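Inspection log for the structure reproduced underneath, given as structure tokens.
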Amino acid sequence: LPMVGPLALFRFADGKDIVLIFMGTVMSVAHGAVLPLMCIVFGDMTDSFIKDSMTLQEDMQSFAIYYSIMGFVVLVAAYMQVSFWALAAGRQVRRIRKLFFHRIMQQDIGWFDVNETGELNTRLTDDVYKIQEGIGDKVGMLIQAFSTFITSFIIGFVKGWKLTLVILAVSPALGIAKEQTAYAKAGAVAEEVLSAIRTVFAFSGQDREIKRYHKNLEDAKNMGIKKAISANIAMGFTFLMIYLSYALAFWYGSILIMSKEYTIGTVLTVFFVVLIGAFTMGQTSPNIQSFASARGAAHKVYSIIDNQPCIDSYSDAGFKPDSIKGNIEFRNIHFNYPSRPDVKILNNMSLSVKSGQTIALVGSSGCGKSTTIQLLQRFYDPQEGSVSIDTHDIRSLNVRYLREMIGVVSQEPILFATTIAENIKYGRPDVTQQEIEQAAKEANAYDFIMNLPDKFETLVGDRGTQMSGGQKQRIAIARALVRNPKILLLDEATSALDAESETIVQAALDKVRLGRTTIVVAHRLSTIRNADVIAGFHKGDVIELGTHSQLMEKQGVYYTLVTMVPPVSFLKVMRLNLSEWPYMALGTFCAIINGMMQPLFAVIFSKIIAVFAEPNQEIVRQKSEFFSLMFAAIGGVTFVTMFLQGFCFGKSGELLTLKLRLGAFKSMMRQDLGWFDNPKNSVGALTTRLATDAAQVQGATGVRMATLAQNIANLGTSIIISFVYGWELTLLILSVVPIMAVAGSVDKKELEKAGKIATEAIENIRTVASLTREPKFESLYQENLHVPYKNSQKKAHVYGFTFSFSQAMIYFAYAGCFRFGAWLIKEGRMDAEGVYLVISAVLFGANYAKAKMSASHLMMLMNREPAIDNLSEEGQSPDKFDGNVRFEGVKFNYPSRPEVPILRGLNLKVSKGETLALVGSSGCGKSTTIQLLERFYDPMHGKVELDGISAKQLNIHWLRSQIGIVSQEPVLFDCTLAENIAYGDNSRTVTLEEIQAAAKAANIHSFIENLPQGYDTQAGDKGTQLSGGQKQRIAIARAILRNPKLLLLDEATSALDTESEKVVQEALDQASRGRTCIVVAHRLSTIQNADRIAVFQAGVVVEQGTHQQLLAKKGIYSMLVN
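Every position in the sequence shown, counted from 1, becomes a number in my numbering once 8 is added.
Here you go:
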């Protein structure tokens, strides 16, 4: 909303840019003055023809020369205007991009914590591009339009005072978004369905969601047709006003001719310039809006470009002592996160360490261990306390020297999207390959330097070969090693590694730890096998120091706890709109009517100018009144037919949009969940696709047919009129015709690559700051943006050339055709009326690709029909579920990632009412077996059988019905509590009494009352943000309503607060009575009262048995009890 002054927008103006902008403005002024001057000479030639009707050759030669000079000057002025403004825009944008990225790099880390990486990325891309296009091209066109308006008004004042007063007195007559609301409700229910599609599919709720979307779509269709009728009525009234302006202006011209004060040329001139001024104002409004938006974005980016961090990374101050012993001391550190200063994490920390003194930090998770690591890197400046390096304050030390002095290994190793070469060279700007060999050997990655297929040029990153955790950690260690660090900062360096990876990584850490002080953080004894001093960072505080022996003598509780796209055809697109036969025909009829009427408007124009030469007052008065009435009548018929066309096409398009949206939603519900795994199938992307592509398809069919009919009618009618009016009219009209295509015609991947490099830098801002390699990324950004500047400059030059050629060809065709028709009349092929008619008529009268690709997307979306069918009704419906489950030899790979086989020969049995809990490792894919049970995916190997019946042969709806599911993240819909709870059963009507009786089993009966007296709270989740345990409880109640035979639990204990644990467990126990129940969880609480246990690893059942049984067998579960 805040916006910056227009003068400040160009504040990055050097001398060359100032000269360029001056030239652009002074050429736009010339163009704007030129066009009304063409109007003046139009009036003069009209007067000359009027005189000839009652000597023409010399006047015509002079007029043709005037027109040719006018074309030359408009060509030069337009080219220099557009090219110079675009070049100034390019220079300004290059400067803005460079300074913006430089300041972003210079910005503080806390500033990066407050803001978001995605917000900064969309800033750097969209705001910069908006500034570019807006400032350059739109201020150019704005200045030109303003100049045209000014010149028109000054000529109006010069020629006729009284006429200008007449226009001013008529101007009071000229003086005299809920579709977004409808589609907002529609998109609200669409997002509620798609985002929470797990629950919708889990309850066979596609039917009622289809019904609700249908109702919202009917409301949206009504609101859209109303808005279309309003907009097209407004446009028709506008055109009508122009036509009565024609009529009244010509009536007034007739009365002046009766008074013999203003000649016909003068009145035509003033009328034309007034109308062109009004048209230019209408055209300059949208670019004014665009400039306003551009200046808003300019303020939003200038808030950053005008800033300085409290800890300047490029500060020239601070000391640079060459001699560093390696002391690191913290005294009385009090600090809280600038992101959330309310919560204190560090209060009076005190810990010292000498040179070469290995020290480790041990404590609870998120107790502030990483805060000291960030602090010593100057990530934040503590409010109090002293943090000294060899009796030298870090504040009094240059930050570049400090960060180059310390080598930091991150908990998550990450590699920049480029080759291995500089990814390891980033230690120092200067390197010799021998140092690279030494570091590679030192990092234990030398085994892989040739095991990788290529040489030291392998493209490593997301786009390149996907590395492994061990390899990434090793290369990160090498990258740190290249700097020859003196103090190593290892924050949770042991993570996301296999056992052998852990051993080799720790060996590398012990090799590098020699002769180098280190403040190491880890949760495993591997780093404490040799740690000299241990620091108990507990409850956000230090407890004591000492070696492992002293800590053992003093309540070693920590160890005790850790002891162990086909483009469819146009006919195919129209086939979707076949049902609108009369609407299509009527729209085409009105389009043909407009195409008929426009040339007839031109013809009556020519006729009235022809009769204006008669030297008889009665005849001219009668003819002027008759033709003014004819002009009013044709304006009225245009209004009627255009409003009728607008209504017809709007309703046809809205019906097509409704049909397409409902078909897309039906396909969406019908298709399986696996398709949604692809990142291209995000909920927001699909919703915006629905909206934009439906609108584009309706526009495609309707507007395409309308404008094709209208344009073909215009061209045909003009060709026939020209042909009957004599030869040569078709000839020069076809010579003119090609300019219209160019007039209507009116590198970004390199910008995308630059934005990718950016997103890498900002997303890794802590890492790239830890290496003081911001200048290297700045240089890479410069090199990447080098080419886009050049392509933009060349494209701008081409744009200017083609624009000027369009204008120059318009003027040149005007003059040449007029002169050559003058030779025709001199010989006598046709009278002056014919050339006047052709000139006026033709030379002032007269998104689909995106829409087509939208139609192709929607068409392909309606024919996928995956292997797993959810809305399918074919199959079998067993009379009663027997409560038995069997998995035999099921092998599986995730459809979104077929490179990681999850399930390998899994086998399991489940009997009636048999409690079989499922436990195992985290993230191995235990939820995949539940998704298999719900038939969310197709098992390509093995079989899943229920009560002696396989999943393939039974109806999917029956399977989804007789089942239960409790998602780990409960979701509630935007409606009353009664509807949300009744969502459990849809195949039968729900009554309030049974709903209450069954919801009493969840023990939420009392809690529903603590809200508006209607216990079926309409808000649900509108303003009363209910607690997470309460949402979990109501989700369980929803999953319990149908008393399903077999129960599936998806991490009920996960993400559950301890307060609601007792009530949730009680409700689940009451639910798990007398019926088979399958639970996956990481908590032993439900496992205590469990008949059978199944323990999983990497996608196989490794052992089976009961709690006490498996404890007796001393199995893998026994080692996993911890």
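Built from N, CA and C at the ideal position, the CB exists for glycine as well.
Nearest candidate by alpha-carbon position, reference residue i, set the options
i, options, result
"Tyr345", "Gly334, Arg131 and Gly374", "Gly374"
"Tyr991", "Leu594, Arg943 and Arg1050", "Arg1050"
"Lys167", "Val278, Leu359, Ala863 and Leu176", "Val278"
"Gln481", "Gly472, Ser534, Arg436 and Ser418", "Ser418"
"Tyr844", "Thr511, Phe826 and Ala1009", "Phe826"
"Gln1026", "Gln801, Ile989 and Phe634", "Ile989"
"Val908", "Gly972, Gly933, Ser1068 and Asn240", "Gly933"
"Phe900", "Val893, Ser885 and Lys951", "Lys951"
"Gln653", "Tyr591, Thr709 and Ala1047", "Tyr591"
"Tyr945", "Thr379, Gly40 and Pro874", "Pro874"
"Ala641", "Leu505, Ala618, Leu608 and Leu670", "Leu608"
"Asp227", "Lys193, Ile876, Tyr260 and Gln214", "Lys193"
"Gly891", "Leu911, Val918 and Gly897", "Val918"
"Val998", "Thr1032, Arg1046 and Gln970", "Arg1046"
"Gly523", "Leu505, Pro493 and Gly692", "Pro493"
"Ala302", "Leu866, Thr725 and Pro14", "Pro14"
"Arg943", "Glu977, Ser577 and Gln679", "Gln679"
"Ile237", "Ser179, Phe647 and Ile341", "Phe647"
"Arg872", "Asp993, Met676, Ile1012 and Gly752", "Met676"
"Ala925", "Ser160, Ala1060 and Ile163", "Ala1060"
"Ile833", "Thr133, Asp22, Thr63 and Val1108", "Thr63"
"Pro390", "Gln100, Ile432 and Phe343", "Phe343"
Sub-8 Å separation of residue i and residue j beta-carbons
i, j, result
"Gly548", "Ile381", "no"
"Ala1098", "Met870", "no"
"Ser396", "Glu782", "no"
"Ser298", "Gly142", "yes"
"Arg1100", "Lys1053", "no"
"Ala543", "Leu369", "yes"
"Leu95", "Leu43", "no"
"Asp1029", "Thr984", "no"
"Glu199", "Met231", "no"
"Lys761", "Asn792", "yes"
"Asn459", "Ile512", "no"
"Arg487", "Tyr454", "no"
"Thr767", "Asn356", "no"
"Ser935", "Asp1058", "yes"
"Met31", "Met88", "yes"
"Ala804", "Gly98", "yes"
Supposed contact pair residue j and residue i - C-beta distance, whole angstroms, cut 8 Å
i, j, result
"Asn538", "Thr366", "7 Å"
"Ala1106", "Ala1009", "With a Cβ gap of about 37 Å, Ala1106 and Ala1009 do not count as contacting."
"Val846", "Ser730", "6 Å"
"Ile770", "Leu788", "Contact doesn't hold; Cβ gap of about 14 Å is too wide."
"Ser363", "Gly334", "3 Å"
Between the stretch 114-122 and the stretch 849-862, do at least 3 Cβ pairs fall closer than 8 Å? no
Output the residue ranges of the alpha helix (DSSP H) runs that lie fully inside the stretch 891-941 and measure 4 residues or longer, sorted by chain position. 934-941
Would you check if there are 3 or more beta carbon pairs closer than 8 Å linking the stretch 287-295 to the stretch 147-158? yes
Taking the runs of the alpha helix (DSSP H) that are 4 residues or longer, which of them lie wholly in the stretch 106-179? 117-122, 125-130, 136-141 and 147-167
Just checking, does the stretch 733-745 make contact with the stretch 618-629 on the three C-beta pairs under 8 Å criterion? no
If you scan the stretch 974-998 from start to end, which runs of the beta strand (DSSP E) of 3 or more residues do you find wholly inside it? none
The stretch 700-707 / the stretch 657-666 touching (three or more Cβ pairs under 8 Å): yes
Run through the stretch 753-832 for me and flag every whole alpha helix (DSSP H) of 4 or more residues, listed as ranges in chain order. 756-771 and 773-778
Length-filtered (4 minimum) alpha helix (DSSP H) runs lying within the stretch 277-357: none
Uninterrupted alpha helix (DSSP H) stretches inside the stretch 173-235 (no shorter than 4 residues): 186-203 and 205-210
Mind listing, in chain order, the continuous alpha helix (DSSP H) runs of no fewer than 4 residues lying wholly within the stretch 507-593? 507-521, 556-561, 565-569 and 578-583
If we require 4 or more residues per run, which alpha helix (DSSP H) segments fall completely within the stretch 683-741? 691-732
Stretch pair the stretch 461-474 + the stretch 421-434: three plus CB contacts closer than 8 Å: yes
Quick one: complete alpha helix (DSSP H) runs, 4+ long, within the stretch 441-510? 441-450 and 477-490
Touching by the beta-carbon criterion (3+ pairs, under 8 Å), the stretch 268-275 and the stretch 45-57: yes
What are the complete alpha helix (DSSP H) segments, minimum 4 residues, inside the stretch 1055-1128? 1069-1079, 1115-1121 and 1124-1128
Between the stretch 527-537 and the stretch 501-509, can you find at least three pairs of beta-carbon atoms closer than 8 Å? yes
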